[PDB]
Amino acid sequence: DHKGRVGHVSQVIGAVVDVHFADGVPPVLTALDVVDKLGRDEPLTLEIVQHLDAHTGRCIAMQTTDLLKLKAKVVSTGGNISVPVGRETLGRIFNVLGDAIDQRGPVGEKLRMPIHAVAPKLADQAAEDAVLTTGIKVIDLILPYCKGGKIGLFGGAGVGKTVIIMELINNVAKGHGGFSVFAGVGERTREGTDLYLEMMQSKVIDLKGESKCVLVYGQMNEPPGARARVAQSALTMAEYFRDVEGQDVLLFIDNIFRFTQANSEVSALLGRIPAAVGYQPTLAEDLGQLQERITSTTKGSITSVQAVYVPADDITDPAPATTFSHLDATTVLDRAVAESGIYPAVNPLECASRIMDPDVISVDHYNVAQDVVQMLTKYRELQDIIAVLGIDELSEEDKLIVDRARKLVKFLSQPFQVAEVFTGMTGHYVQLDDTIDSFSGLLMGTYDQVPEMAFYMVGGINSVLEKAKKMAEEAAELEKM
Amino acid sequence: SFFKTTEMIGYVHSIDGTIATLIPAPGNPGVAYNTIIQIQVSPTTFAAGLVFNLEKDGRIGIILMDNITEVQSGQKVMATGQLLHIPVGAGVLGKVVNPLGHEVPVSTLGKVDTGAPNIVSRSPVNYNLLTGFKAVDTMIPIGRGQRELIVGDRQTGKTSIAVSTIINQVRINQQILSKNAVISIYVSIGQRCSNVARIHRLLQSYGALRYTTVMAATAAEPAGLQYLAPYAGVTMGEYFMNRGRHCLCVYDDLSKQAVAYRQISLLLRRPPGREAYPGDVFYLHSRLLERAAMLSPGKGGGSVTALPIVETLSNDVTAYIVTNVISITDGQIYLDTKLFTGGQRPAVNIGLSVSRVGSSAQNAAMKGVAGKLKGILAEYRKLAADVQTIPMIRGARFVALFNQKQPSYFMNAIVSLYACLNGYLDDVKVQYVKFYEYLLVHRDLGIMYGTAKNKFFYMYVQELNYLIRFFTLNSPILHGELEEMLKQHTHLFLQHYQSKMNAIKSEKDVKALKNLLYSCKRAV
Amino acid sequence: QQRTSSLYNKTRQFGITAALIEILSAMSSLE
Amino acid sequence: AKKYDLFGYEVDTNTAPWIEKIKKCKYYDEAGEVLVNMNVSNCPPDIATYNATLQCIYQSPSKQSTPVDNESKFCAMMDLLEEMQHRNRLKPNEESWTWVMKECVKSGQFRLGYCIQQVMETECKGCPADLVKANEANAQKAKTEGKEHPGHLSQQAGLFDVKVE
Ligand SMILES: Nc1ncnc2c1ncn2[C@@H]1O[C@H](COP(=O)(O)OP(=O)(O)O)[C@@H](O)[C@H]1O
Ligand SMILES: Nc1ncnc2c1ncn2[C@@H]1O[C@H](COP(=O)(O)OP(=O)(O)O)[C@@H](O)[C@H]1O
Ligand SMILES: [Mg+2]
Ligand SMILES: [Mg+2]
């Protein structure tokens with residue numbers, strides 16, 4: 001039905017394009033190919049977003065709308081924008097539409113699914129409360145990521161979102177029997193190359209043999225129509241591995257703000273009145289239909305890490321604030337923490353996790369993790385007193401809390417394996433058993449005689465005592481000279 | 001349910017996500033305002049929608065509800081000519097339901113659009129409603145028919161304190177006459193889908209589904225359902241209210257309802273004002289919360305208690321939607337982010353929180369102890385800012401007692417507070433208050449072979465709860481018998497149990513002491 | 001404390017003027 | 001004879017029709033449903049009506065056909081007393097507390113019985129004897145048979161080792 005139904009371009013205002021159909025308009029979300037010739041190098045494909053009347057329908061362009069004349073011939077596809085799925089996609093790079101953009105021949109496909117799927121019902125939902133050990137101290141201890149969890153990395157410009165996603169791909173996605181999908185939603189085209197090469201070097205993507213990754217990129221260079229829809233294209237591929245193949249899968253959306261921001265561009269041109277802070281009025285609904293599809297069904301299990309840009313370091317902004325409600329482990333990155341020297345720049349008080357609970361994780365995990373949060377809360381109150389009065393003015397017990405709490409802030413830092421170029425030191429995968437025991441002993445006061453800078457930028461307790469030995473030896477030499 | 005068609009009022013003209021406008025059919029019948037209309041998406045299937053605008057042209061503005069993907073321009077539109085009615089009653093309990101009334105798989109109807117009880121229809125709130133928290137039930141006491149706001153940041157315990165209030169009713173409801181049972185209605189507006197599932201399992205494990213029904217409009221579902229979800233929640237409660245029974249209504253949350261209503265208003269070209277919300281966004285929450293009330297003796301004496309949740313961004317009460325709901329409700333329960341991370345859970349900021357009808361709402365026994373606690377904590381908070389007095393000692397123990405995960409039973413709460421009031425936990429240190437309270441409730445030291453000899457008053461006998469509510473602790477019947485129980489418990493705890501703390505200064509015993517004390521925070 | 005509170009209060013009011021001028025300048029473009 | 005509500009309107013003091021509805025009781029949750037229906041028809045419960053309800057709580061089994069979890073005729077009974085004393089402002093007469101004493105000895109909860117004979121003796125100055133010896137019999141019954149308290153909780157010497165569950 002409506003398969004090759006012909007229409008003509010009624011109006012062109014930016015990426016938003018109106019189309020007149022003689023025999024009635026197609027349905028909503030229907031993809032339309034612009035058949036007319038023009039002087040183009042690349043094709044044009046329009047997706048209907050609204051209907052104006054029975055014969056006219058408003059659309060958004062996935063490619064640029066350059067050289068588009070009025071009354072240009074337009075033809076329907078059959079349904080929504082269709083994207084290839086299955087194991088033939090693994091190893092290959094894709095765009096919003098599902099065309100291969102890596103110059104390695106035609107894809108093996110054999111099936112295509114629509115980009116705009118409906119979210120699972122209540123009956124399809126299932127909770128599997130197991131800890132996903134990220135090998136990172138601040139995450140595993142304070143806001144542990146769960147299996148099947150939707151996870152969000154909130155932070156402003158240049159804080160360590162892209163660095164943390166890359167470290168999670170090293171730490172978790174390599175030793176994983178499942179496949180992975182990377183939604184490059186409106187981010188740097190140059191960052192996409194470095195991921196493709198580093199995965200080829202480590203052999204998670206393999207040319208000659210078995211691949212365990214899919215790349216779907218709709219970057220900053222692309223117009224808003226693509227950058228909006230490209231998040232869903234990747235999600236359709238992950239949905240195939242979840243529902244059909246019945247499997248545990250990872251999803252990586254960098255960045256989910258760029259989805260909301262892309263919709264904010266079209267929404268203005270579509271003629272909607274903007275809501276708070278100039279965003280689209282359908283901001284909560286846009287995230288709703290996208291984020292609800294990202295979930296652990298009875299058939300399989302998506303485990304999505306997402307990056308979330310906090311514009312102007314304003315966490316009260318609608319784009320992050322609306323996203324926070326959807327997530328299981330909310331990771332919040334602060335600029336002042338980054339500039340002070342602590343990387344990753346995770347502010348643990350604003351963070352939270354659902355599985356931070358005595359039932360899911362062990363009793364020893366919860367009790368130690370709470371004491372770190374409690375001690376850091378006392379430390380922030382004491383930090384205001386030292387600024388006013390002084391370090392000497394504090395009590396005898398409170399001085400010892402400051403010495404431990406200062407070490408807790410330093411020990412929360414960690415040199416990442418992907419960030420060897422930045423830190424100038426080799427990485428550290430810290431085990432969950434190491435993380436809990438080392439922090440437990442620090443709270444007890446077993447490492448009071450250990451110096452403070454020993455804890456800065458190291459892994460577990462063995463690396464702390466190793467650096468403390470090097471500090472003792474070098475301090476002994478300089479004192480002798 | 002499958003709604004009742006009548007007349008074909010028009011065709012679908014435009015769609016914009018979850019909103020549409022119609023052109024009238026030949027004749028220009030004109031549908032009635034605020035009524036449901038069924039759009040024929042296929043010959044077999046329909047798609048519901050609510051009428052929001054009746055333009056001069058003849059065009060009719062629609063808010064889409066079901067099968068939004070299946071709606072198209074040029075489709076036929078049938079009218080009901082009636083306001084939205086939904087399934088309501090005892091048969092709906094223990095199930096998840098839409099605002100339209102369809103059950104989610106996992107009874108005479110009632111109007112969702114209804115006027116609130118008038119001046120002579122209501123009465124002063126006297127019946128108490130136990131949240132099961134020593135912090136709340138003393139300082140910010142909720143009465144049946146009251147509207148008590150819950151405000152605070154994300155992950156401060158807004159849902160948990162509301163859900164545990166529903167769970168607290170099961171222990172009473174099981175024992176009491178069903179006339180006075182608190183039937184709960186948890187409305188989930190704009191939440192994530194798995195969060196509703198976890199609450200369903202959590203309600204099921206504590207036997208709450210028997211005395212609870214779950215209204216649900218998740219984030220996947222459209223703005224039309226989210227807008228209408230709290231209204232459908234109250235409708236289900238009003239059945240119990242108008243038929244002489246007491247009810248509870250949690251809206252989680254009104255912040256996401258307002259955003260859904262703003263979407264609807266903006267998409268239909270309603271002039272926006274402050275923070276882009278329409279003119280009547282105050283009226284939205286006002287007519288919702290005013291339907292929650294305490295009826296008179298002349299109309300059954302039933303009730304609908306309201307617990308609206310409203311999320312604040314970085315402790316900002318000056319936001320338009322937050323300030324609106326504060327001015328409607330009878331005070332609030334403020335949840336501070338710094339208290340949450342600091343240790344105090346639930347993180348109830350007592351200075352910021354307030355109940356406008358607190359004293360009259362409380363039980364006679366609870367009014368006795370709580371009147372003194374206001375005097376002690378007032379002096380403790382002042383002296384903490386500016387050498388330990390009696391108020392400083394006893395005040396600090398109350399703060400330790402207010403920490404709790406699951407809700408406390410009325411007997412187990414009031415006795416542990418009465419102990420601290422008369423000063424039974426003065427010699428007991430601050431860190432060992434939860435171990436002292438645990439050994440009071442579950443165990444008992446007097447009976448633990450020796451100095452017992454009480455004729456009736458013990459803590460294992462849970463049935464004394466209702467005798468305490470009648471006579472109070474300060475009374476010739478229970479005063480002397482209670483003060484024995486506490487004297488035996490303190491002397492034995494200080495002698496036998498607290499003596500360990502001077503001793504235990506070794507590895508594997510200090511850690512054993514910690515793990516013991518940390519588990520005592522959870523169980524009250 | 002006096003002068004910072006005044007700046008908070010000026011920013012509160014100036015924010016809501018600027019918010020609404022932008023929002024209603026949008027629908028003047030949309031008719 | 002005459003009575004007025006909080007506003008000052010006339011109120012139906014005709015109690016006797018609603019009393020005979022409570023007598024045809026069968027299960028005691030139906031008594032509450034009648035107590036609702038009186039208030040709905042501007043007829044507040046009389047002092048005799050509460051005693052007629054208290055009778056039905058004692059005589060019948062519990063809520064209805066199926067059993068509820070943790071049934072307690074005493075807790076349902078003592079709630080109704082709290083309603084008449086505090087809210088409705090009515091002192092329960094000698095008949096009221098005698099129904100309470102019967103349920104303690106009938107169900108076997110003697111420990112409550114010790115508390116409520118103290119109540120019945122004080123204030124309302126009456127010692128009904130009949131049930132006092134029947135209550136004291138159940139007290140000695142627990143001692144001589146095995147033990148009176150829970151038993152497994154009492155004897156177990158804790159001191160550092162206490163299970164948290
Ligand atoms: N774990 C880390 N180790 C070292 N440097 C880091 C780390 N995290 C962030 N950075 C610093 O942050 C900068 C940019 O971070 P990036 O994640 O690319 O930005 P964004 O947070 O906007 O995604 C880098 O130049 C790097 O020096
Ligand atoms: N009284 C409490 N004691 C301990 N933990 C709590 C308490 N209340 C809430 N929490 C924890 O805080 C987290 C967030 O609770 P939630 O009710 O979802 O807050 P919000 O509704 O503000 O997001 C949960 O993981 C929960 O276990
Ligand atoms: Mg980045
Ligand atoms: Mg919540």
# chains A, B, ... in the order shown; residues from 1 in each chain; ligands from 1
$ residues_around --residues "range 276-289 of chain B" --least-positions-apart "6" --cutoff "7 Å" --atoms "only C-alpha atoms" --output "list in words"
residues 275 and 276 of chain A; 147, 231, 258, 262, 265, 270, 306, 324, 325 and 328 of chain B; 23 of chain C
$ write_last_selection --atoms "C-alpha atoms" --output "mmCIF file, in the first residue's frame"
data_model
loop_
_atom_site.group_PDB
_atom_site.id
_atom_site.type_symbol
_atom_site.label_atom_id
_atom_site.label_comp_id
_atom_site.auth_asym_id
_atom_site.auth_seq_id
_atom_site.Cartn_x
_atom_site.Cartn_y
_atom_site.Cartn_z
ATOM 1 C CA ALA A 275 8.888 25.666 25.999
ATOM 2 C CA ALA A 276 11.337 26.528 28.845
ATOM 3 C CA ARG B 147 -2.955 17.387 51.220
ATOM 4 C CA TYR B 231 -7.412 12.875 37.716
ATOM 5 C CA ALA B 258 2.732 19.922 34.230
ATOM 6 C CA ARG B 262 2.495 22.361 28.786
ATOM 7 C CA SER B 265 -1.191 23.630 25.564
ATOM 8 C CA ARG B 270 -2.528 28.343 23.965
ATOM 9 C CA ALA B 306 -3.201 13.431 48.950
ATOM 10 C CA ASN B 324 2.048 26.753 42.823
ATOM 11 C CA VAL B 325 1.728 23.345 44.518
ATOM 12 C CA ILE B 328 -2.360 24.698 47.293
ATOM 13 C CA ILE C 23 9.021 32.810 24.104
#
$ interface_residues --of "chain C" --to "chain A" --cutoff "7 Å" --atoms "only C-alpha atoms" --output "MDAnalysis selection string"
chainID C and resid 23 26:27 30
$ interface_residues --of "chain C" --to "chain B" --cutoff "12 Å" --atoms "only C-alpha atoms" --output "MDAnalysis selection string"
chainID C and resid 8:9 12:13 15:28 30:31
$ residues_around --residues "range 15-27 of chain B" --least-positions-apart "4" --cutoff "8 Å" --atoms "only C-alpha atoms" --output "number ranges by chain"
A: 49-52; B: 8-11, 58-65, 68, 72-73, 222-224, 264, 267-268
$ interface_residues --of "chain B" --to "chain D" --cutoff "8 Å" --atoms "only C-alpha atoms" --output "ChimeraX atom specification"
/B:120,126-127,174-179,243-245,297-301,443-444,447-449,455-457,463-464,466-467,469-470,477,496-497,519-520
$ write_last_selection --atoms "N, CA, C and O atoms" --output "short mmCIF file (atom, residue, chain, number, x, y, z; two decimals), in the first residue's frame"
data_model
loop_
_atom_site.label_atom_id
_atom_site.label_comp_id
_atom_site.auth_asym_id
_atom_site.auth_seq_id
_atom_site.Cartn_x
_atom_site.Cartn_y
_atom_site.Cartn_z
N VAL B 120 -20.00 23.13 53.30
CA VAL B 120 -20.77 22.35 54.29
C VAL B 120 -20.57 20.83 54.14
O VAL B 120 -20.86 20.07 55.07
N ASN B 126 -9.58 15.06 61.76
CA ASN B 126 -9.31 14.50 63.09
C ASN B 126 -8.61 13.13 63.06
O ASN B 126 -7.77 12.85 63.92
N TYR B 127 -8.96 12.28 62.09
CA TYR B 127 -8.39 10.93 61.96
C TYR B 127 -6.93 11.02 61.49
O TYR B 127 -6.64 11.70 60.51
N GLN B 174 -4.88 -5.04 57.98
CA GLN B 174 -5.10 -6.47 58.25
C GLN B 174 -5.83 -6.72 59.57
O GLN B 174 -6.73 -7.57 59.64
N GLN B 175 -5.46 -5.98 60.61
CA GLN B 175 -6.00 -6.16 61.96
C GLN B 175 -7.34 -5.44 62.20
O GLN B 175 -8.20 -5.96 62.91
N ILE B 176 -7.50 -4.26 61.60
CA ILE B 176 -8.66 -3.38 61.87
C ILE B 176 -9.93 -3.79 61.11
O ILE B 176 -9.89 -4.68 60.27
N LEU B 177 -11.05 -3.13 61.42
CA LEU B 177 -12.27 -3.21 60.60
C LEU B 177 -12.04 -2.53 59.25
O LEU B 177 -11.49 -1.42 59.20
N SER B 178 -12.48 -3.18 58.17
CA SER B 178 -12.29 -2.67 56.80
C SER B 178 -12.93 -1.30 56.51
O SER B 178 -12.56 -0.64 55.53
N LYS B 179 -13.90 -0.89 57.33
CA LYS B 179 -14.45 0.47 57.31
C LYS B 179 -13.36 1.56 57.43
O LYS B 179 -13.41 2.55 56.71
N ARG B 243 -18.48 6.72 49.59
CA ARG B 243 -19.08 5.55 50.26
C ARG B 243 -18.48 5.31 51.66
O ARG B 243 -18.27 4.16 52.06
N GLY B 244 -18.21 6.39 52.40
CA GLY B 244 -17.83 6.32 53.82
C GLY B 244 -16.59 5.52 54.20
O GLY B 244 -16.57 4.87 55.24
N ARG B 245 -15.55 5.58 53.36
CA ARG B 245 -14.27 4.92 53.63
C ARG B 245 -13.11 5.86 53.36
O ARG B 245 -13.24 6.81 52.59
N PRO B 297 -19.72 14.27 58.75
CA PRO B 297 -20.56 13.17 59.23
C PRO B 297 -21.83 12.95 58.40
O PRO B 297 -22.29 11.82 58.27
N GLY B 298 -22.38 14.03 57.84
CA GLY B 298 -23.56 13.97 56.98
C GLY B 298 -23.40 13.23 55.65
O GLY B 298 -24.40 12.80 55.07
N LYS B 299 -22.16 13.10 55.16
CA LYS B 299 -21.87 12.39 53.91
C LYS B 299 -20.85 11.26 54.12
O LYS B 299 -19.91 11.10 53.33
N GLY B 300 -21.04 10.48 55.18
CA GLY B 300 -20.24 9.28 55.43
C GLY B 300 -18.99 9.44 56.29
O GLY B 300 -18.57 8.49 56.95
N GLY B 301 -18.41 10.64 56.29
CA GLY B 301 -17.16 10.89 57.00
C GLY B 301 -15.94 10.24 56.38
O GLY B 301 -14.95 10.01 57.07
N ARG B 443 13.74 -8.35 70.60
CA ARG B 443 14.13 -9.06 71.82
C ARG B 443 13.51 -8.38 73.04
O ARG B 443 12.75 -7.42 72.90
N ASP B 444 13.82 -8.91 74.23
CA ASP B 444 13.50 -8.23 75.49
C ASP B 444 14.44 -8.74 76.59
O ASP B 444 14.57 -9.95 76.78
N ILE B 447 12.81 -10.38 80.28
CA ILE B 447 12.42 -11.78 80.12
C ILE B 447 13.62 -12.69 79.84
O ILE B 447 13.59 -13.87 80.19
N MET B 448 14.67 -12.13 79.22
CA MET B 448 15.92 -12.86 78.95
C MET B 448 16.56 -13.31 80.27
O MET B 448 17.54 -12.76 80.75
N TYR B 449 16.03 -14.44 80.74
CA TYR B 449 16.11 -14.98 82.12
C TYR B 449 16.55 -14.08 83.29
O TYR B 449 17.71 -14.13 83.73
N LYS B 455 3.12 -7.64 84.65
CA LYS B 455 1.87 -8.40 84.56
C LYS B 455 1.27 -8.41 83.15
O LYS B 455 0.72 -9.43 82.73
N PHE B 456 1.37 -7.29 82.43
CA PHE B 456 0.85 -7.20 81.04
C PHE B 456 1.76 -6.55 79.99
O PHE B 456 1.86 -7.07 78.88
N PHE B 457 2.41 -5.44 80.33
CA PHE B 457 3.14 -4.64 79.33
C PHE B 457 4.46 -5.28 78.90
O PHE B 457 5.41 -5.35 79.68
N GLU B 463 -0.42 -6.45 70.21
CA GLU B 463 -1.82 -6.03 70.37
C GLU B 463 -2.03 -4.86 71.34
O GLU B 463 -3.08 -4.21 71.29
N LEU B 464 -1.06 -4.59 72.22
CA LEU B 464 -1.10 -3.42 73.10
C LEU B 464 -1.10 -2.07 72.36
O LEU B 464 -1.50 -1.06 72.93
N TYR B 466 -3.11 -0.80 70.23
CA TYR B 466 -4.43 -0.15 70.20
C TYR B 466 -4.93 0.31 71.57
O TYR B 466 -5.76 1.23 71.65
N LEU B 467 -4.45 -0.33 72.64
CA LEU B 467 -4.68 0.15 74.01
C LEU B 467 -3.92 1.45 74.30
O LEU B 467 -4.43 2.33 75.00
N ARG B 469 -3.05 3.69 71.97
CA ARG B 469 -3.76 4.71 71.19
C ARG B 469 -4.99 5.28 71.91
O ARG B 469 -5.32 6.46 71.74
N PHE B 470 -5.67 4.44 72.70
CA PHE B 470 -6.83 4.87 73.48
C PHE B 470 -6.42 5.68 74.71
O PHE B 470 -6.84 6.84 74.86
N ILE B 477 -3.13 3.73 83.94
CA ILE B 477 -3.20 2.32 83.54
C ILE B 477 -1.82 1.79 83.13
O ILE B 477 -1.39 0.74 83.62
N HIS B 496 25.23 -5.24 80.78
CA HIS B 496 25.63 -6.44 80.03
C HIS B 496 26.05 -6.17 78.58
O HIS B 496 27.05 -6.73 78.12
N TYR B 497 25.30 -5.33 77.88
CA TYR B 497 25.50 -5.10 76.44
C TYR B 497 26.45 -3.95 76.09
O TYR B 497 27.24 -4.09 75.17
N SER B 519 23.55 -2.86 60.27
CA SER B 519 22.29 -3.58 60.06
C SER B 519 21.15 -3.12 60.98
O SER B 519 19.98 -3.24 60.63
N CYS B 520 21.49 -2.60 62.16
CA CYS B 520 20.50 -2.04 63.10
C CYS B 520 19.84 -0.74 62.63
O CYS B 520 18.76 -0.39 63.12
#
$ interface_residues --of "chain B" --to "chain A" --cutoff "9 Å" --atoms "only C-alpha atoms" --output "NGL selection string"
:B and (12-17 or 69-74 or 104-106 or 154-155 or 190-194 or 196-198 or 218-223 or 256 or 259-260 or 262-264 or 266-267 or 269 or 272 or 274-277 or 312-314 or 337-339 or 341-343 or 511 or 514-515 or 518-519)
$ closest_atom_pairs --of "chain B" --to "ligand 4" --cutoff "9 Å" --atoms "only C-alpha atoms and all ligand atoms" --output "JSON lines"
{"residue": "B:154", "atom": "CA", "partner": "ligand 4", "partner_atom_place_in_ligand_line": "1 (Mg)", "distance": 7.0}
{"residue": "B:155", "atom": "CA", "partner": "ligand 4", "partner_atom_place_in_ligand_line": "1 (Mg)", "distance": 7.0}
{"residue": "B:156", "atom": "CA", "partner": "ligand 4", "partner_atom_place_in_ligand_line": "1 (Mg)", "distance": 8.3}
{"residue": "B:157", "atom": "CA", "partner": "ligand 4", "partner_atom_place_in_ligand_line": "1 (Mg)", "distance": 7.0}
{"residue": "B:158", "atom": "CA", "partner": "ligand 4", "partner_atom_place_in_ligand_line": "1 (Mg)", "distance": 5.4}
{"residue": "B:159", "atom": "CA", "partner": "ligand 4", "partner_atom_place_in_ligand_line": "1 (Mg)", "distance": 4.2}
{"residue": "B:160", "atom": "CA", "partner": "ligand 4", "partner_atom_place_in_ligand_line": "1 (Mg)", "distance": 7.4}
{"residue": "B:191", "atom": "CA", "partner": "ligand 4", "partner_atom_place_in_ligand_line": "1 (Mg)", "distance": 8.0}
{"residue": "B:195", "atom": "CA", "partner": "ligand 4", "partner_atom_place_in_ligand_line": "1 (Mg)", "distance": 8.8}
{"residue": "B:252", "atom": "CA", "partner": "ligand 4", "partner_atom_place_in_ligand_line": "1 (Mg)", "distance": 6.6}
{"residue": "B:253", "atom": "CA", "partner": "ligand 4", "partner_atom_place_in_ligand_line": "1 (Mg)", "distance": 7.6}
{"residue": "B:309", "atom": "CA", "partner": "ligand 4", "partner_atom_place_in_ligand_line": "1 (Mg)", "distance": 8.1}
{"residue": "B:311", "atom": "CA", "partner": "ligand 4", "partner_atom_place_in_ligand_line": "1 (Mg)", "distance": 8.3}
$ atom_distance --atom1 "atom 16 (P, counted along the ligand's line) of ligand 1" --atom2 "CA of residue 422 in chain A"
11.0 Å
$ residues_around --residues "range 236-240 of chain A" --least-positions-apart "5" --cutoff "12 Å" --atoms "only C-alpha atoms" --output "ChimeraX atom specification"
/A:81-90,94,96-98,109,111-120,178-183,213-216,229-231,245-253,290,292-297,299-304
$ residues_around --residues "residue 136 in chain B" --least-positions-apart "5" --cutoff "10 Å" --atoms "only C-alpha atoms" --output "JSON, numbers by chain"
{"B": [130, 131, 141, 142, 161, 333, 346, 348, 350, 353, 354, 355, 402]}
$ atom_distance --atom1 "CA of residue 314 in chain A" --atom2 "CA of residue 15 in chain A"
29.0 Å
$ closest_residue --among "A:417, A:189, A:340, A:438" --to "ligand 1" --atoms "only C-alpha atoms and all ligand atoms"
A:417
$ closest_atom_pairs --of "chain A" --to "ligand 1" --cutoff "8 Å" --atoms "only C-alpha atoms and all ligand atoms" --output "Markdown table"
| residue | atom | partner | partner_atom_place_in_ligand_line | distance |
| --- | --- | --- | --- | --- |
| A:155 | CA | ligand 1 | 21 (O) | 6.2 |
| A:156 | CA | ligand 1 | 22 (O) | 6.2 |
| A:157 | CA | ligand 1 | 22 (O) | 4.0 |
| A:158 | CA | ligand 1 | 19 (O) | 3.5 |
| A:159 | CA | ligand 1 | 21 (O) | 3.7 |
| A:160 | CA | ligand 1 | 17 (O) | 3.1 |
| A:161 | CA | ligand 1 | 23 (O) | 3.9 |
| A:162 | CA | ligand 1 | 17 (O) | 3.6 |
| A:163 | CA | ligand 1 | 17 (O) | 4.3 |
| A:164 | CA | ligand 1 | 1 (N) | 6.6 |
| A:307 | CA | ligand 1 | 23 (O) | 7.6 |
| A:309 | CA | ligand 1 | 22 (O) | 7.1 |
| A:338 | CA | ligand 1 | 9 (C) | 7.3 |
| A:343 | CA | ligand 1 | 1 (N) | 4.6 |
| A:344 | CA | ligand 1 | 1 (N) | 4.2 |
| A:345 | CA | ligand 1 | 8 (N) | 6.6 |
| A:414 | CA | ligand 1 | 1 (N) | 6.8 |
| A:415 | CA | ligand 1 | 3 (N) | 5.9 |
| A:416 | CA | ligand 1 | 1 (N) | 5.2 |
| A:419 | CA | ligand 1 | 3 (N) | 5.2 |
| A:420 | CA | ligand 1 | 4 (C) | 7.7 |
| A:422 | CA | ligand 1 | 4 (C) | 5.1 |
| A:423 | CA | ligand 1 | 4 (C) | 5.2 |
$ atom_distance --atom1 "CA of residue 125 in chain B" --atom2 "CA of residue 358 in chain B"
9.5 Å
$ residues_around --residues "residue 170 in chain B" --least-positions-apart "5" --cutoff "12 Å" --atoms "only C-alpha atoms" --output "PyMOL selection string"
(chain B and resi 130-132+163-165+175-176+178+181-184+203-212+407-409) or (chain D and resi 68-70)
$ residues_around --residues "residue 168 in chain A" --least-positions-apart "4" --cutoff "9 Å" --atoms "only C-alpha atoms" --output "ChimeraX atom specification"
/A:134-136,163-164,172-173,305
$ closest_residue --among "A:401, A:153, A:471, A:9" --to "ligand 3" --atoms "only C-alpha atoms and all ligand atoms"
A:153
$ closest_residue --among "B:134, B:246, B:381, B:491" --to "residue 436 in chain B" --atoms "only C-alpha atoms"
B:491
